[PDB]
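Chemist: Sharing a structure here in structure tokens format.
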Amino acid sequence: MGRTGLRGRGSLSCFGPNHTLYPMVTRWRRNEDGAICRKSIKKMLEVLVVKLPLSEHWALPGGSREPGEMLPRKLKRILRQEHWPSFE
Amino acid sequence: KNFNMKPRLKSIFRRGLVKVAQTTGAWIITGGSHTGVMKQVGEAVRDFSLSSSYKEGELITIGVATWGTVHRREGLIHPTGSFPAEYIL
């Protein structure tokens, strides 16, 4: 995607693509009995985002190839702290 | 649908539309609900009748809308016949 003028760092911990995923959990949202977005005409959406307490933004699980494991297991980079090992 | 124009047009149209119905004693047949051009005419009455809130020249804006596109059809029914009731926007 063109030179960004940088190093070769292991901020990715990987000299490569690091093919990651983002489980866009999507509630086509509601009101007392079912709503849309009246703002333009469209539909309003609700998304679970987790605020990590240290970094100051609100994010989603980065499925970025858990070391030794696959991509649906760095899906459980944060989703192991959502307590279920049942549904996979 | 809602819309925003130049504030010079707002300061002309919302001012003069009061100055029609102030002098003539007119009626303003509008479209009812809270969104769009019918919202902007309700701005102009609010821009007069609480700032220069004059009984002299009580503007009459008659809203014609759809009982069925209204957001709270419930809480407004009374086979009793008369009510000084309320609802919440």
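All residue names refer to the structure tokens as shown: chains lettered A, B, ... in order, residues numbered from 1 in each chain, ligands numbered from 1 in order.
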Please, which residues of chain B, numbered as in this document, come out strand (DSSP E) from DSSP, as a ChimeraX atom specification?
Modeler: /B:27-30,60-63
Chemist: So that I can check the surroundings of residue 56 (chain B), please list as a tab-separated table (two decimals) with N, CA, C and O atoms, in the first residue's frame every protein, DNA and RNA residue that reaches within 12 Å of it, counting only C-alpha atoms and ignoring chain neighbours fewer than 6 positions away.
Modeler:
chain	number	residue	atom	x	y	z
B	21	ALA	N	-49.24	37.22	9.73
B	21	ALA	CA	-50.37	36.85	10.57
B	21	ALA	C	-50.56	37.79	11.74
B	21	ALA	O	-51.61	37.73	12.40
B	22	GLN	N	-49.59	38.65	12.04
B	22	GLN	CA	-49.79	39.65	13.07
B	22	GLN	C	-50.77	40.72	12.61
B	22	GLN	O	-51.72	41.06	13.33
B	23	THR	N	-50.57	41.25	11.41
B	23	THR	CA	-51.39	42.35	10.93
B	23	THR	C	-52.73	41.88	10.41
B	23	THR	O	-53.76	42.46	10.77
B	24	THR	N	-52.74	40.85	9.58
B	24	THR	CA	-53.96	40.41	8.92
B	24	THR	C	-54.89	39.63	9.83
B	24	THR	O	-56.11	39.70	9.63
B	25	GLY	N	-54.37	38.89	10.80
B	25	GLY	CA	-55.21	37.97	11.52
B	25	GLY	C	-55.51	36.79	10.63
B	25	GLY	O	-56.65	36.56	10.23
B	48	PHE	N	-41.61	34.34	18.03
B	48	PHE	CA	-42.39	35.51	18.38
B	48	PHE	C	-43.10	35.35	19.72
B	48	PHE	O	-42.87	36.13	20.65
B	49	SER	N	-43.94	34.33	19.84
B	49	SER	CA	-44.94	34.26	20.90
B	49	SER	C	-44.39	33.84	22.26
B	49	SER	O	-45.19	33.47	23.13
Chemist: Specify as number ranges by chain all residues of chain B found within 10 Å of chain A, counting only C-alpha atoms.
Modeler: B: 1-3, 35
Chemist: Report as a list in words all protein, DNA and RNA residues lying within 12 Å of residue 24 (chain A), evaluated on only C-alpha atoms, omitting residues in the same chain fewer than 5 positions from it.
Modeler: residues 45, 46, 47, 48, 49, 50, 59, 60, 61, 62, 63 and 75 of chain A
Chemist: Which of these, A:84, A:27, A:6, A:19, has the shortest distance to residue 70 (chain A) once you count only C-alpha atoms?
Modeler: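 Selected residue with least distance to residue 70 (chain A): A:19.
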Chemist: List every residue of chain B that DSSP, applied to the backbone, labels as helix (DSSP H, G or I), and write the result as a list in words.
Modeler: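 Result set for chain B (helix (DSSP H, G or I)): residues 7, 8, 9, 10, 11, 12, 13, 14, 15, 16, 17, 18, 19, 20, 21, 22, 23, 24, 37, 38, 39, 40, 41, 42, 43, 44, 45 and 46 of chain B.
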Chemist: Identify, on the basis of only C-alpha atoms, every residue whose closest approach to region 69-73 of chain B does not exceed 9 Å; exclude the query and any residue fewer than 4 positions from it along the same chain; express the result as a short mmCIF file (atom, residue, chain, number, x, y, z; two decimals) with C-alpha atoms, in the first residue's frame.
Modeler:
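Wrote around-v6.cif, looks like this:
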data_model
loop_
_atom_site.label_atom_id
_atom_site.label_comp_id
_atom_site.auth_asym_id
_atom_site.auth_seq_id
_atom_site.Cartn_x
_atom_site.Cartn_y
_atom_site.Cartn_z
CA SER B 33 -45.70 16.89 12.90
CA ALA B 65 -51.83 15.64 10.33
CA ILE B 77 -58.20 8.64 23.96
CA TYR B 87 -48.82 13.88 27.03
CA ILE B 88 -45.03 13.96 26.91
CA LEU B 89 -43.10 14.72 23.74
#
